[PDB]
Structure formats: structure tokens, C-alpha cells
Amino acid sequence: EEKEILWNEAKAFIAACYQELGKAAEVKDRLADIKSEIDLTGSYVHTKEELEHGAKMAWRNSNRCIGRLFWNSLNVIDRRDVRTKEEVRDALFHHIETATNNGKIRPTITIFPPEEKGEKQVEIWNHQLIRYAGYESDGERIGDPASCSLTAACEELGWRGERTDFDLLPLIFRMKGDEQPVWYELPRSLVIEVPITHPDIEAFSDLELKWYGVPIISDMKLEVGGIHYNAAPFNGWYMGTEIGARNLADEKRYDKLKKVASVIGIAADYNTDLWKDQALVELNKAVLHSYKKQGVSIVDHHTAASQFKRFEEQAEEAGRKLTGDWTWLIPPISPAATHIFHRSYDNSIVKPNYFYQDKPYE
């Protein structure tokens, strides 16, 4: 019966993929080969072309992503050959280096062996490959609160953070057959970080804020034609509001707006002064400025929405249904200044796609 589901997903994916690739005449025999492989083995193996286009389709179908215009240029690295924890570690180090690309960020996904019978071959514990630790005890909060549970799990396993506000968490993953994950410290030479300065407020550097260059989301599952790649980290470049309006601003994250207000010289006493909004704008201007000055790729939300409008236009031209989640596509700064706010989107889920999975810690 799982075989049935697999076969059905296979037919739908192969037909669609090969049609997009101009390969429709090859579908019948490919499906023939797949049906026979499923019978014999219980699964099937994607060709490199299928795997690459499948990862691209999955990005294209990511309803919550404003950056999808560039779906067809995703760099897909096939690591279905890895078998040891050293190979996984080195593949993850390599992903960081090649995605970072000296600041000219390349959207990249590295795909590890898929689940066999729901059995994971490799399980990555990190939420992103580069992320800051968080701590809380005796009233004192340090670092990124969103990382508290993973930080605690790492310290259970013998890692120890320096307890700065920006400790890099180690890579942490578990191999099939092992009871516990292993962890590895990130080599600092691989990780670009950007200090946050403001284009004309010199005191802004007094906040000593920084953020890392590349968001490499490492805990979602890529599903393609019924095959479940639970370990498949992928990255883009940031949209500036992710850092300036959320990671550094949210009260349950770094909670910096009152400090921002103070350094930009405005009172934070009266809601009617809109000091939180003003602080948000200056913090978000600083974030874009800083990434730009350092030569690290980033996009602002206006430009990102303009690209997304082109994505919508391209879908229509290609004759493809567009899907989207309006509640995630609008930016958290001036959303009504974007065309996204003023239209609606069909939030239907289409596969291939990326999916949430349960955290093995917590």
C-alpha cells in the first residue's frame, strides 16, 4: 500500500517533470522501469536530472516564499552517495562554502540519501546550518531565544557555548544506526558575518549587532515523486526584513527596538510617536546598508516583491497555476506598499515541495 502511494506519486511527478523538460516521449518507458523497480525493491531512485528539476519544482511550489522568481537557477548538489558522518560533515562544510561564494550568494541545495522505509539515513538537528545559540537561566537571557532548546540538547552532548550573544552552534546530526547525534564546531573561516552599521547614524555601531550572511535551512523535508529527502539543506540570500524586522526586533528574539530608538536619538515612551515603527525602519535600512557595504547578497522587500510580481507573470505565461500564502508573502515592513498586499493567493499545496518535520530534540 505504501508501494501504491509511491507509484502514484511517481507517475504524477515523472509525467510533469518530463513534460517540462521536453522529454514526454520518454515517460512511458521510464514509468515502466520505475514500476518494476518499486515491485522488486520497494522504492525507486531518481535520475540526476529528475532530482535536480524536482528540487527546483519544490522551490517553485513553496507558497510562503517571495523569492521564487529564481527557482530555475537553484544549484543542486547530489550527495546521495554519502555513507559516513565525516562525509556528511564535509558535505555540509562544502555547502556553506559554495553557497556563500565570497558573499555573492548562490542558492544551493545539498541532497542526502532519502528515507528508505520511513527510516532516515541522516537526520540533521540544526534548524539552519549557521545559527546562534540561546541561553536562559537565573533570569538572564543570552543570544537567540529561538535556539534555546537546540542549544540545551547540544550542551547535553558535551558541547559548551562561550555565552556571547552570537555563539555559533555546532553542526549536529545523527546517522542511521547510531543512538546519538554527533556534533562538529563550525570553522569560523567558513562563516561570513556582517556587523550592522547605519549609513548616517554613527552611533549605531554602539549596539554591536551583527548577523550571519547566509540562511541555510536544514530541518525541512524535500518530497519529490513520493521520495522523502528528509535531509536536504537549502539556502538563498536574505530579504533584509527577515533580519531587521524579525530576528533582531521580535520581543521573543533579540528584542532590540528600544536600544535602536535610543541610539537614533528618539524617545521610546509614547505609542503615538510611532517610535517602534521609526526604529524598525532605521534598523532595516542599517541591515541593507551593512550587507551591501560588505559585498554580501541581500534583497530589500520592495525589490523582492517586484521580482515576485514577475514570478506571477511568468507562471501565467507558462500556463501554470500560481499558489501562495498571503500571510507569509507580505513583508513585515510596509506590506501595503507592495502589490502582494492588494491581491489574493490560492494556498493549495502542490508537490514537489518542502515540508516541516518533527524536531528530534524537544
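Note that residue numbering begins at 1 and tracks the sequence as displayed.
Quick one: higher average CA temperature factor, 155 to 163 or 122 to 130?
-> Comparing averages over the C-alpha atoms only gives 155 to 163.
Check the entry's C-alpha temperature factors for 337 to 345 and 15 to 23, then say which stretch has the higher mean.
-> Of 15 to 23 and 337 to 345, the stretch with the higher C-alpha B-factor average is 15 to 23.
Most elevated Cα B-factor in the entry, residues 90, 250, 138, 193 = In the PDB entry, the greatest C-alpha B-factor among 90, 250, 138, 193 is found at 138.
If you compare 300, 52, 325, 317, which has the highest Cα B-factor in the entry?
-> The listed residue with the largest C-alpha B-factor is 317.
When the modelled residues of the chain are sorted by Cα temperature factor, does residue 235 land in the lowest, middle or highest third?
-> As the PDB entry reports it, the C-alpha B-factor of residue 235 lands in the lowest third of its chain.
So where's residue 262 on the chain's Cα temperature factor ranking, which third?
-> As the PDB entry reports it, the C-alpha B-factor of residue 262 lands in the highest third of its chain.
Report the third (lowest, middle or highest) to which the CA temperature factor of residue 189 belongs, ranking only the modelled residues of the same chain.
-> Highest third of the chain for residue 189's C-alpha B-factor.
Compared with the other modelled residues in the chain, in which third is the CA B-factor of residue 310?
-> Residue 310: CA B-factor falls in the middle third of its chain.
Sorting the chain's modelled residues by C-alpha B-factor, tell me whether residue 84 ends up in the lowest, middle or highest third.
-> Highest third - that is where residue 84 ends up once the chain's C-alpha B-factors are sorted.
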